[PDB]
Amino acid sequence: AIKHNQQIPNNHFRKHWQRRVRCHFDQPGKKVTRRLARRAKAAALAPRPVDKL
Amino acid sequence: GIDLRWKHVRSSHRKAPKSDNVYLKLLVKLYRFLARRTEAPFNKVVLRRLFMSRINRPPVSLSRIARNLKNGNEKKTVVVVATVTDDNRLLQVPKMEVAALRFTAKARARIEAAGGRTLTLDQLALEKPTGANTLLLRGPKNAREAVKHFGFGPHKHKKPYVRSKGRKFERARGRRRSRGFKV
Amino acid sequence: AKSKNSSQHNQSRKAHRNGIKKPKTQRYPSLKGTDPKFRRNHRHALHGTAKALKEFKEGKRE
Amino acid sequence: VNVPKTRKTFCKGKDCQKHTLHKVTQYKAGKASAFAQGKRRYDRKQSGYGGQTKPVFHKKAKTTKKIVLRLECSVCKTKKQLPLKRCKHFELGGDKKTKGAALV
Amino acid sequence: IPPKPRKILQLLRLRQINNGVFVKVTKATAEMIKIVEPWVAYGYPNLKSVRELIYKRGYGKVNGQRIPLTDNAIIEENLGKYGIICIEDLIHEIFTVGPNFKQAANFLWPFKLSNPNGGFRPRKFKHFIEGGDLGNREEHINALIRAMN
Amino acid sequence: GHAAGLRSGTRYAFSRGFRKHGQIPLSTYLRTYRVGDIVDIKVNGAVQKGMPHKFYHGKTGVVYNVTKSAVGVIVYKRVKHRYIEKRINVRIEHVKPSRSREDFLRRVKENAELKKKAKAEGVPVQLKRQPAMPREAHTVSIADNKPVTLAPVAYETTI
RNA sequence: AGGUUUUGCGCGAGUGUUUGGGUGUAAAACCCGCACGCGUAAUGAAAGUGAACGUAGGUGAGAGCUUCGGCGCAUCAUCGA
RNA sequence: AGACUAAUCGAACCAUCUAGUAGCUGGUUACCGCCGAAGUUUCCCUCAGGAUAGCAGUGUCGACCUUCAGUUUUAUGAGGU
RNA sequence: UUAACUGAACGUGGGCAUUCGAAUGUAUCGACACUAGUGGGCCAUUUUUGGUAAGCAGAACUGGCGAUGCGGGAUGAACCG
RNA sequence: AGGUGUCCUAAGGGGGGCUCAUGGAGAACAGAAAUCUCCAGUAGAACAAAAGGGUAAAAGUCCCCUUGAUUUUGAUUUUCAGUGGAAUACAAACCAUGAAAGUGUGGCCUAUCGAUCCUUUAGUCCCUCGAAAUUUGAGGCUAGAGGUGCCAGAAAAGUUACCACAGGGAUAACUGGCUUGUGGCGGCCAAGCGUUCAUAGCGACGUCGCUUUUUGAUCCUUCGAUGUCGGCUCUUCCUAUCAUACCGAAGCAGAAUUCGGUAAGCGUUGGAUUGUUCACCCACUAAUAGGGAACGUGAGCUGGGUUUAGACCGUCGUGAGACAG
Ligand SMILES: [K+]
Ligand SMILES: [K+]
Ligand SMILES: [K+]
Ligand SMILES: [K+]
Ligand SMILES: [K+]
Ligand SMILES: [K+]
Ligand SMILES: [K+]
Ligand SMILES: [K+]
Ligand SMILES: [K+]
Ligand SMILES: [K+]
Ligand SMILES: [K+]
Ligand SMILES: [K+]
Ligand SMILES: [K+]
Ligand SMILES: [K+]
Ligand SMILES: [K+]
Ligand SMILES: [K+]
Ligand SMILES: [K+]
Ligand SMILES: [K+]
Ligand SMILES: [K+]
Ligand SMILES: [K+]
Ligand SMILES: [K+]
Ligand SMILES: [K+]
Ligand SMILES: [K+]
Ligand SMILES: [K+]
Ligand SMILES: [K+]
Ligand SMILES: [K+]
Ligand SMILES: [K+]
Ligand SMILES: [K+]
Ligand SMILES: [K+]
Ligand SMILES: [K+]
Ligand SMILES: [K+]
Ligand SMILES: [K+]
Ligand SMILES: [K+]
Ligand SMILES: [K+]
Ligand SMILES: [K+]
Ligand SMILES: [K+]
Ligand SMILES: [K+]
Ligand SMILES: [Mg+2]
Ligand SMILES: [Mg+2]
Ligand SMILES: [Mg+2]
Ligand SMILES: [Mg+2]
Ligand SMILES: [Mg+2]
Ligand SMILES: [Mg+2]
Ligand SMILES: [Mg+2]
Ligand SMILES: [Mg+2]
Ligand SMILES: [Mg+2]
Ligand SMILES: [Mg+2]
Ligand SMILES: [Mg+2]
Ligand SMILES: [Mg+2]
Ligand SMILES: [Mg+2]
Ligand SMILES: [Mg+2]
Ligand SMILES: [Mg+2]
Ligand SMILES: [Mg+2]
Ligand SMILES: [Mg+2]
Ligand SMILES: [Mg+2]
Ligand SMILES: [Mg+2]
Ligand SMILES: [Mg+2]
Ligand SMILES: [Mg+2]
Ligand SMILES: [Mg+2]
Ligand SMILES: [Mg+2]
Ligand SMILES: [Mg+2]
Ligand SMILES: [Mg+2]
Ligand SMILES: [Mg+2]
Ligand SMILES: [Mg+2]
Ligand SMILES: [Mg+2]
Ligand SMILES: [Mg+2]
Ligand SMILES: [Mg+2]
Ligand SMILES: [Mg+2]
Ligand SMILES: [Mg+2]
Ligand SMILES: [Mg+2]
Ligand SMILES: [Mg+2]
Ligand SMILES: [Mg+2]
Ligand SMILES: [Mg+2]
Ligand SMILES: [Mg+2]
Ligand SMILES: [Mg+2]
Ligand SMILES: [Mg+2]
Ligand SMILES: [Mg+2]
Ligand SMILES: [Mg+2]
Ligand SMILES: [Mg+2]
Ligand SMILES: [Mg+2]
Ligand SMILES: [Mg+2]
Ligand SMILES: [Mg+2]
Ligand SMILES: [Mg+2]
Ligand SMILES: [Mg+2]
Ligand SMILES: [Mg+2]
Ligand SMILES: [Mg+2]
Ligand SMILES: [Mg+2]
Ligand SMILES: [Mg+2]
Ligand SMILES: [Zn+2]
């Protein structure tokens, strides 16, 4: 229903949306994982740069 | 019984600021004293505007000041209980002295580079404790995006609450005579 | 299943609670719905009067 | 109700813009095309299983229709349309009524 | 109370039971009083009634407040521009209807009287002619003021 | 929903009076009106064009427009809790200049001369109305006007 | 989660670090800036076009100031560009 | 016989979809202070329900704007009980 | 617009409180924003429709009860104070 | 108490001349009623239709010319939230009529009608089909038409006695409450019946009451339930008195009867048919009166009737099924 001067709402919450919700509490944790991998990769390519031209 | 239409009627205007700024409280104490111990009508007006909320203290620009510095006001002191902003459209700034609640960084720099000076509202009370040779300026109250929506209705030409702009958003029935009627 | 049909019993008292308001008048009323032939010329008459009364400080001296 | 077969009235053609002589006929709706977008959409919706997909009107109440006259300018060959009120009997060019000759 | 008599009693400033005021009788005020007949009693006061009402129950309207007049300075600083400077002048202006009656009578807050000492007549909501207490009893109003004041 | 037509209930209001049918006096068409005049509306049943609605029959308003054969009038209508401004077009057979403001327009020019006459002379005058005051004291003589004594009469049957 | 009105706060023709990168006493705190979002220009179905005659106009009110002649904020009514 | 199909039949029993929907009945947790209603208008497969106007509260702002009024008086219109 | 600077609307300049031109009150001026509950009502004096009538059914103006205690009518939502 | 879903190329627009319904007096056939003449005639006629208003050198009636029933958009009025058929006054064009002033944007005024989506026609010669051009095709922009009568606008046939759920005393079927039309009972007047004789015994035309053992009218209480016919058994109350006590009156000789008063102390039955309440017969007797108590009385009985589910018939229905048969 509508009762006052409103913007007509369109909220797409008519499926079972609660089954597919992705929070990100691992944002700082994944950042640590990426930095460890970059450090290990740089050591393997000992004098070479870590990129391509 | 006493047969009265009204009883215990409260006042419609603010009596103190709603902010918790410590320095604003010191400023309010100063002008409470001035308004009680002086006959100047100028002091009472400044006290009331220190209680007001931000939508009742719209900003004032350098262009709006320059408009009112004409026709014999070149040497008066401009008083603004609000923020003073800069205007890119104005290419040459005249020299003036302004007392304001606060200045933006570019507004302050352009006033002083043209030979003027900026004051604080407590410096103003020390130099002009009665408000002599001053002019009070207010900004445009209704120049707010929300006021354009007020009082919407038939034959009112106000702005509607819509989520987008285009041909598919509220332009067909009730807006033209080729689909029913118009407003 | 049957109920009341219509009434006006409490309507006067509700009307006088916030007063019956008469809209305030103004000095210049609007020219909406006046004769367009009059309105077309009245525009020119005010224009010419504006050109004068200004040169009255630069000549003319009515 | 009968109206004459000719009439002179305003013409909005680019060259006339005045009263000219017009020929009067009766309007008749054309036949619905099979390639209008409304028809193409309707055919697609009705295919497959599911049945009848749109309403079909049943409760008619009107017994008459509004007559539409079609006029054509004798000079520039442009056309006008003029609607009339509801009537049971209509023809154009009938015999005009006579007066004072009551013979029964 | 019906809406028309209610509005009139407000304009006469009689918003409570046993309130009293002075008015000057003209054509414009005699018609208002006639309308609110079953709510009021009135008559012609004498000097003793005017004198004692102001001495005992006299209060002034100063800046919106109800102030008892215990000093002549109070009267002068509110009615001085009309030439009234003492309480004896105020009595004279009321009792002899003077050129500044309107200002003098509106300065006095409406009188707040008590109930009569000997009570009323057996049924007090009839006309004085019928045997009640309502309407115009002329100079018999003085006996009622002694009991209420 | 009862029947509500434009002229419902106007059987007696829109009718001409007894022995007042037929020709319309021609002085009606010779009057002149200006923007700002005060007129009252009274519908004439014999003219069916430019007729106002039955609400405005018997009201008073102010002219705001003048055309070839009619005027525009402004009236205020009460709709429950407010007043609304209405603008109606009326043919001149239904309008008539009003004497509502003539008393005021007579006192204004009479006050002007009395004020100037007194100022030239030097004695102040009143210049504003007063309500009727109670009578004053006087003496009534009994000479050749002796009072007559009356008494109530006994009951009797007339028919 | 998405709207709206009102109160407090920062900056103000701009505003918003945290998708990401640097760093760390390690899920904190601190630092960085390429894009991007909203705002700065509207109107038409569209092809398209696109905001100063004037000290950014005239008239009536208007707090405050004033060299006492006047200047006139906000806002309201009205005629124009 | 709408009879019987594990005390179950005008369509058995068990788990899941499932916290199925209800304009309908029931309940909904400390104190004090100030203000204080409606059952009426228009539209709706509307009549035990909604939207819309009215009645109510709260926040303010403009001046503390000679400003108003469920009233009397004077002059002057309309009405068919 | 008129045969016509003749009119019509809007104005400059000047004059008029030696009194800003009925009574009383002002114990409450104007404008805006956001929103709650309600949308089953009933009683009475006077005026009134249907019905033999009804503690029946239906309307108009005003006052009440609902939402309200207190003194009377022994008791008694609506009566008198 | 009545009306509408239409009707009209004139029954629309302009101009001009005339006066209507009816009455009196006259004229071959001709008369109550044919056609002709004069006088009087305030509308008593006519104006498409319901009713109200309006109209006399017209708005009636006859004659002459025509298509303002046309084009482009805005303002205002009624119902009204001042949102969505009908009406009013101007502006800008092109016309019609009259010598002219003028009048004309449909019918003398108040009723005579229809959104979004889709289809179809008229209009400019206009915009787009997104790699580029030209011709077909499709899509837009402005105005009408096809229709929703439940008329602010779903696309729609029944049965349930085999039945289900959420609710309602906002709403029926029983007691109780207000009323008393109808039912029952009681008075007043006096034309008349009574052999003469209004009132021994009666009472026409009229008129005033009472009662709640009839039946209606209403819907206040009860739908998270107050056990719904009749009989049997048992107690008590009312009086509008059938019998019994003691009395007044008569068109009361005796016998038998009829009208009235005080009076509820005491009684008021045995059976055939019917489920019966009600009724109708046979017989005894002093008499075989009328009523209430939640239409007294089902944790007092009974279960014949009514009113669940099985079954038959008649009428009805294509059928499932219906019937105060
Ligand atoms: K369409
Ligand atoms: K109902
Ligand atoms: K109803
Ligand atoms: K399908
Ligand atoms: K009716
Ligand atoms: K905010
Ligand atoms: K940006
Ligand atoms: K000022
Ligand atoms: K089992
Ligand atoms: K419901
Ligand atoms: K009458
Ligand atoms: K001229
Ligand atoms: K509301
Ligand atoms: K509501
Ligand atoms: K109800
Ligand atoms: K009732
Ligand atoms: K009581
Ligand atoms: K018809
Ligand atoms: K014609
Ligand atoms: K008529
Ligand atoms: K309308
Ligand atoms: K409907
Ligand atoms: K319709
Ligand atoms: K409807
Ligand atoms: K079914
Ligand atoms: K059944
Ligand atoms: K219940
Ligand atoms: K109940
Ligand atoms: K009876
Ligand atoms: K009974
Ligand atoms: K009964
Ligand atoms: K009942
Ligand atoms: K029940
Ligand atoms: K028996
Ligand atoms: K019972
Ligand atoms: K029983
Ligand atoms: K049986
Ligand atoms: Mg008190
Ligand atoms: Mg209702
Ligand atoms: Mg009330
Ligand atoms: Mg396919
Ligand atoms: Mg197929
Ligand atoms: Mg004592
Ligand atoms: Mg007493
Ligand atoms: Mg009516
Ligand atoms: Mg990150
Ligand atoms: Mg079994
Ligand atoms: Mg739940
Ligand atoms: Mg469940
Ligand atoms: Mg209160
Ligand atoms: Mg519907
Ligand atoms: Mg309920
Ligand atoms: Mg102000
Ligand atoms: Mg104020
Ligand atoms: Mg009448
Ligand atoms: Mg309800
Ligand atoms: Mg009633
Ligand atoms: Mg009822
Ligand atoms: Mg209630
Ligand atoms: Mg009370
Ligand atoms: Mg009591
Ligand atoms: Mg009693
Ligand atoms: Mg004609
Ligand atoms: Mg004519
Ligand atoms: Mg014309
Ligand atoms: Mg005609
Ligand atoms: Mg017409
Ligand atoms: Mg249509
Ligand atoms: Mg199309
Ligand atoms: Mg392509
Ligand atoms: Mg139930
Ligand atoms: Mg009930
Ligand atoms: Mg009877
Ligand atoms: Mg006899
Ligand atoms: Mg009889
Ligand atoms: Mg119960
Ligand atoms: Mg029981
Ligand atoms: Mg029980
Ligand atoms: Mg007896
Ligand atoms: Mg006896
Ligand atoms: Mg037996
Ligand atoms: Mg009974
Ligand atoms: Mg029983
Ligand atoms: Mg029992
Ligand atoms: Mg049985
Ligand atoms: Mg059976
Ligand atoms: Mg069976
Ligand atoms: Mg058969
Ligand atoms: Zn042409």
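Each chain gets a letter, A, B and so on, in the order its sequence line appears, and its residues count up from 1.
- When the nearest nucleotides of RNA chain H are assigned to C:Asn18 and B:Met52 by heavy-atom distance, the more 5′-ward of the two goes with C:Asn18.
- Nucleotide H:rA7 is annotated as unpaired relative to H:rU81 [Watson-Crick or G-U wobble, both distances under 3.5 Å].
- Looking at heavy-atom distances under 4.0 Å, D:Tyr42 makes no contact with the nucleic acid at all.
- The aromatic rings of D:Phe10 and D:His19 stand perpendicular to each other, their planes meeting at an angle above 60°, with 30° marking the opposite boundary.
- Between H:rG39, J:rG82, I:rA27, one nucleotide has an atom nearer to the side chain of F:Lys77 than all others, and that is J:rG82.
- Nucleotide H:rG39 forms a pair with no other nucleotide shown, judged by Watson-Crick or G-U wobble geometry with both contacts under 3.5 Å.
- Annotated as not stacked: the bases of I:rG21 and I:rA22, by the 5.5 Å centre and 30° plane rule.
- What separates NZ of D:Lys28 from P of J:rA145 is a distance of 18 Å, to the nearest Å.
- Residue-level contact check: B:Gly151 touches the backbone only, with heavy atoms under 4.0 Å from sugar-phosphate atoms and none from bases.
- Nucleic acid contact class of B:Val183 (heavy atoms, under 4.0 Å, all strands): sugar-phosphate only.
- The partner of G:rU75 is G:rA61, by the rule that a Watson-Crick or G-U pair needs both atom distances under 3.5 Å.
- I:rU12 is unpaired under the criterion used here, namely a Watson-Crick or G-U wobble arrangement in which both key atom distances are under 3.5 Å.
- Between the side chains of F:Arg87 and F:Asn65, not a single donor N or O lies within less than 3.5 Å of an accepting N or O.
- Between F:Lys59 and C:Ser3, it is C:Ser3 whose nearest contact on RNA chain H lies nearer the 5' terminus.
- The partner of G:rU19 is absent, by the rule that a Watson-Crick or G-U pair needs both atom distances under 3.5 Å.
- Across all strands shown, F:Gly72 has no heavy atoms under 4.0 Å from either base or sugar-phosphate atoms.
- Both geometric conditions, a ring-centre gap below 5.5 Å and a plane tilt below 30°, are not fulfilled together for B:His8 over the base of H:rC35.
- The closest donor-acceptor contact from the side chain of B:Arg171 to the backbone of B:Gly166 lies under 3.5 Å.
- Under a stacking criterion requiring six-membered ring centres under 5.5 Å apart and planes under 30°, the adjacent bases G:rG22 and G:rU23 are classed as stacked.
- South is the pucker class for the sugar of J:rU19, given a negative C1'-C2'-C3'-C4' value.
- For J:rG137 and J:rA138, a centre-to-centre distance below 5.5 angstrom and a plane angle below 30 degrees are both found for the six-membered base rings.
- Using a 4.0 Å cut-off between charged side-chain N and carboxylate O, E:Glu31 and E:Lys27 make a salt bridge.
- Nucleotides I:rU28 and H:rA69, compared at atom P, are 13 Å apart to the nearest Å.
- Base engagement by F:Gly58 is indicated by at least one non-hydrogen atom pair under 4.0 Å involving a base atom.
- Across all strands, D:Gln52 comes closer than 4.0 Å to base atoms (heavy-atom distances).
- Pairing between J:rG265 and J:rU244: present (Watson-Crick or G-U wobble, both distances under 3.5 Å).
- Between I:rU26 and I:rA17 there is no base pair of the Watson-Crick or G-U wobble kind with both donor-acceptor distances below 3.5 Å.
- In this structure J:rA57 is not paired with J:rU307, as neither the Watson-Crick nor the G-U wobble definition is met at both distances under 3.5 Å.
- In the model, B:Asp87 has a side-chain atom that pairs as donor or acceptor with a side-chain atom of B:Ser63 under 3.5 Å.
- Residue-to-nucleotide contacts include a donor-acceptor pair under 3.5 Å from the side chain of B:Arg54 to the base of G:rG10.
- Among the atoms of the strands shown, only primed sugar atoms or phosphate atoms (P, OP1, OP2) are found under 4.0 Å from some heavy atom of B:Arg67.
- Nucleotides J:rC316 and J:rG321 qualify as a pair under the Watson-Crick or G-U wobble definition, both contacts being shorter than 3.5 Å.
- I:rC5 makes up no base pair with any nucleotide shown, lacking Watson-Crick or G-U wobble contacts both under 3.5 Å.
- Among the protein residues, A:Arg34 comes within range of the sugar-phosphate backbone only, with heavy atoms under 4.0 Å from sugar or phosphate atoms but none that close to a base.
- For the adjacent pair J:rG168 and J:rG169, the base rings do not count as stacked by a centre distance under 5.5 Å and plane angle under 30°.
- Spacing between J:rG106 and J:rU72 at atom P, rounded to whole Å, works out to 14 Å.
- In this structure J:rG303 sits in no base pair that meets the Watson-Crick or G-U test at under 3.5 Å.
- For the pair B:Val45 and B:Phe150, both in contact range of RNA chain G, the more 5′-proximal nearest nucleotide belongs to B:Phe150.
- Scanning atom types as modelled, no donor and acceptor separated by under 3.5 angstrom connect the side chain of C:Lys21 and the base of I:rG30.
- With a 3.5 Å ceiling on both atom-pair distances, the Watson-Crick or G-U wobble partner of J:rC313 is J:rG325.
- As judged by a 4.0 angstrom heavy-atom cut-off over every strand, C:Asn41 is placed among residues making no nucleic acid contact.
- Nucleotides J:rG15 and J:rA59 place their P atoms 9 Å apart, quoted to the nearest Å.
- For J:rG303, the base is syn relative to its sugar; the glycosidic angle is within 90° of 0.
- Inter-residue side-chain proximity for C:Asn18 and F:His81 is flagged as unmet; no heavy-atom pair is nearer than 4.5 Å.
- With a 6.0 Å cutoff to the six-membered ring centre and a 45° limit on the axis angle, D:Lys60 does not count as a cation-pi contact of D:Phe57.
- For H:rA56, the ring torsion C1'-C2'-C3'-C4' comes out positive, which puts the sugar in the north group.
- Each of I:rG30, H:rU40, G:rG22 was ranked by its minimum atom distance to the side chain of C:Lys24; first place goes to I:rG30.
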- prompt: Between F:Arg107 and F:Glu110, is a salt bridge (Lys or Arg N to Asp or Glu O under 4.0 Å) present by the stated rule, with each step listed?
  reply: CA-CA 5 Å; F:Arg107 272 193 298 107; F:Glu110 179 182 346; over 6 Å; no
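- Contact annotation for D:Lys66: backbone-only contact, meaning every heavy-atom pair under 4.0 Å involves sugar-phosphate atoms and none involves a base.
- Residue contacts shown for F:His21 are limited to sugar-phosphate atoms, with no base heavy atom under 4.0 Å away.
- Taking only distance into account, the side chain of D:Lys62 never meets the base of J:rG147 through a donor-acceptor pair shorter than 3.5 Å.
- Where B:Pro140 and A:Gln7 each meet RNA chain G at their nearest nucleotide, the meeting point lying more 5' is that of A:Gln7.
- The F:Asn89 side chain lies nearest to J:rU88 when the options are J:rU88, J:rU77, G:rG8.
- Nearest nucleotide to the D:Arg7 side chain, out of J:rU67, G:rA45, J:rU78: J:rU67.
- Straight-line distance between the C1' atoms of J:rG3 and J:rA56: roughly 31 Å, to the nearest whole Å.
- Figure legend: B:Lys18 and B:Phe51 shown without cation-pi pairing, the cationic atom not lying both under 6.0 angstrom from the six-membered ring centre and within 45 degrees of its axis.
- Contact annotation: side chain of F:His57 to base of H:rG77, donor-acceptor pair absent below 3.5 Å.
- Side-chain atoms of B:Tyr161 and base atoms of G:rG3 include no donor and acceptor less than 3.5 Å apart.
- Pairing check for J:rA58 against J:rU159: the Watson-Crick or wobble criterion is not satisfied at the 3.5 Å limit.
- Protein atom NE2 of F:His81 is 7 Å distant from nucleotide atom P of J:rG82, rounded to whole Å.
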